[PDB]
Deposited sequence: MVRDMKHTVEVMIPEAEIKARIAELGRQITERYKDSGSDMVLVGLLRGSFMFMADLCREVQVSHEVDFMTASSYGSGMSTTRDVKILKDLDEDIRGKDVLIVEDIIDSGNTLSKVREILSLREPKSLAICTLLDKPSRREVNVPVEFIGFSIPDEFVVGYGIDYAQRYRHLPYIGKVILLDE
């Protein structure tokens, strides 16, 4: 459990990348007409959601849901609002195996939205057991032990403004 944290992706680099992500997302949904909603997966994506939605120059709603912790994907907390006939962008902190988002996307698809897309801050292509389409990615990283920016290690470092790496001593 003895460890330390070094900066891997500085605060400024994250901010710059999200600014670009915001422009990409804006470019795709600004000429839609239908209502838009960003859905965050609690509670690793709350900080990413906050910064991202501010860089999205399109009128949209902000909703959250909480999925399960091989076991099934259960919904601890569902969305507060409806998504039928809307443009839905799922906002996740990091995707590895892609199990959770795969199931979450299926569940949300049943409610028949106009479109359904996924935006992630971090991506680990190495670990991947279920191929799930991801349209917006902030950073592609190797299978490293990362924390910060909503991402935790034993419920710690969630509040770090940067993405850091954990070094096991």
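Numbered from the first deposited residue, the unresolved ranges run 1-4, 74-80, 181-182.
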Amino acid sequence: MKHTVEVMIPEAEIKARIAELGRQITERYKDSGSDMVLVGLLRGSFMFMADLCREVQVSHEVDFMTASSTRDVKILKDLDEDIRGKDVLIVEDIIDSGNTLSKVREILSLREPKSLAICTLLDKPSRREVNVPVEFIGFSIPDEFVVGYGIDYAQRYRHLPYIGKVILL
From here on, numbers count along this sequence of modelled residues.
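Take the two forms, find the largest set of C-alpha atoms that superpose within 1.5 Å, and that set is the rigid core.
Superposition on the core shows that, in 5 other deposited structures of this protein, the C-alpha atoms drift more in one of 46-54 and 126-134; this is 126-134. Stretch comparison (96-104 versus 46-54) by mean CA B-factor in the PDB entry places 96-104 on top. Remark: stretch with higher mean C-alpha B factor among 29-37 and 108-116 is 29-37.
Looking at the C-alpha B-factors along this chain, the one for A154 belongs to the highest third. When all modelled residues of the chain are sorted by CA temperature factor, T70 is found within the highest third.
Placement of the Cα temperature factor of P133 within the chain: highest third of the modelled residues, per the deposited record.
Among the modelled residues of the chain, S140 sits in the lowest third by CA temperature factor in this PDB entry.
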